[PDB]
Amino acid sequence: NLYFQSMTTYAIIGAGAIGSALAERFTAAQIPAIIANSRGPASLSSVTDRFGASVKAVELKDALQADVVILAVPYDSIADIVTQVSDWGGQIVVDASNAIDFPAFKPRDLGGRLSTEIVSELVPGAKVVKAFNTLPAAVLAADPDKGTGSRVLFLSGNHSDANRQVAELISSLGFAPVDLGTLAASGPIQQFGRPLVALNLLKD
């Protein structure tokens, strides 16, 4: 409580390699963060053991109260998580998910709608930024500084102030943020199945 009040609070709602990748990056950048998911704080012991100096495992209800909430869970897991909070006013939600079908791994048919627009409707009041969905966990987990350039993270969203705040986080983590603009603008380029996903670039 008194620890967090002098900084923007970040929560990783994370599981698997991506949750761990984010924890690793926060730790390397010495940015305090909390982490949670549906399986509870105990299930995140692997993360705690490696990154507990900068990333603290908490209950989901607590993590969902942070200034910036990063949804690094499967796309299908989002609805059941975010429905637990009724008013998202004053918060930023970062959609890091990709809507992918199993077992063929093709982009989901969402009837033309953008996945992050659908997520946005599940968090009314929140300012949503689309980011951290573009890189494989193994790339995200790595040191973003490669001598002659910083690893690029594209972001987008309808609220310029929220985009800025997430760009600030991205820069602080050592990555190079590139703000593509609105969710409409990023739809055909940053969504799963589109040219900027899984593309490793550096800003020199």
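Start at 1 and count along the sequence shown; that's the residue number.
- The deposited model assigns a higher average Cα B-factor to 41 to 49 than to the other stretch when 25 to 33 and 41 to 49 are compared.
- Legend: mean Cα B-factor per stretch from the PDB entry, 2 to 10 versus 194 to 202; the higher mean is in 2 to 10.
- Residue set 92, 118, 123, 96: peak C-alpha B-factor at 123 (per PDB entry).
- The PDB entry assigns its highest CA temperature factor, among 145, 179, 67, 168, to 145.
- When all modelled residues of the chain are sorted by CA temperature factor, residue 157 is found within the lowest third.
- In the deposited entry, the Cα temperature factor of residue 101 sits in the bottom third of values across the chain's modelled residues.
- Ranked against the other modelled residues of its chain, the C-alpha B-factor of residue 55 as given in the entry falls in the highest third.
- Residue-level temperature factors show residue 84 in the highest third of its chain, judged at the C-alpha atom.
- In the deposited entry, the Cα temperature factor of residue 135 places it in the lowest third of its chain's modelled residues.
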